[PDB]
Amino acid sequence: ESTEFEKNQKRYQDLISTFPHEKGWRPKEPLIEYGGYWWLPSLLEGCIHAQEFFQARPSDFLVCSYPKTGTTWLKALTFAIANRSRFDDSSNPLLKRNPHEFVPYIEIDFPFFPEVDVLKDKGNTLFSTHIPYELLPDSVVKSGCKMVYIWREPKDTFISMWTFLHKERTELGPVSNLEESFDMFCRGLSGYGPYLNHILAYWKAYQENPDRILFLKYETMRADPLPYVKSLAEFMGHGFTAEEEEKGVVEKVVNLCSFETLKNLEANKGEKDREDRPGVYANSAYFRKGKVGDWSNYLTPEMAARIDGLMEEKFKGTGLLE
């Protein structure tokens, strides 16, 4: 028999068919506007399904991000934190499977691959999404479940995405060139974009309810991960004890989930695919360079100025820089 998504897909497609379409980053893949944000068509189908069907519980923990800001890393960290009493760090499941297998997306795995083991386990508390805050399913909002939001400096975020897209298995055509892609990104014409709007709505939610949302920043964690990993553990209700700290448990969590550890696992090497459900990226696509500032290998000073200017104007006086 067919899944709930399958039973509703034809009406979802009919629904979104007359939403405004714009040119996207691929010739055959337009972007579609819903709720003030732009969407890849399948992912919008996903979002609508999640809005209608996803049921959050108060004890759930939701990882939220715009794409390419640290999602993979956070998925590893949250899993590792929550499950460290089950696993010696030589027998952690993160050594055998990509972190995305352990934290299902509410708008990808939940609609498209509902049969994955993690989604059949009510004992799982970990979920993820890129859905903009204003468009989160009403159950998430009503449940009161905790959320962590991660963002990243926009030049590095754009470059992370633009390189990543070259690794997608797709019949919808080659990615737009760097200049055009970047113009689009600056104009807010990107999947789940505009990026800066994405961040700002989560930030305002955080300001209104700092008990419920934790706001992390990729560069900040990257320079000094230990304090943030303690903070995250504590916020999730799995805080590290004084004995764990003394025993180097936090360092072990950080090392397990580090870029260098995960990038070099056989599971994540070359063309190897995830094993829970079909993927359009090799696992290795999620581990590129893992640094701060790589934009300067790709963008010109004029490009950098344009986006730097846009962010300064949007966020001045909000607290996100200050």
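All residue numbers refer to positions in the sequence shown, first residue = 1.
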Which is higher on average in the deposited entry, the C-alpha temperature factors of 245-253 or of 141-149? 245-253
Which is higher on mean Cα B factor in this entry, 84-92 or 196-204? 84-92
In the PDB entry, which of 52, 45, 266, 33 has its C-alpha at the highest B-factor? 266
So if I compare the CA B-factors in the entry for 211, 156, 109, 101, which one is the largest? 211
Looking at the temperature factor on the CA atom of residue 311, which third of the chain's modelled residues does it land in? highest
Relative C-alpha B-factor of residue 18, binned into the chain's lowest, middle or highest third: lowest
Please rank the C-alpha B-factors of the chain's modelled residues and tell me whether residue 127 sits in the lowest, middle or highest third. lowest
Chain thirds of CA B-factor: placement of residue 236: highest
Chain thirds of CA B-factor: placement of residue 68: lowest
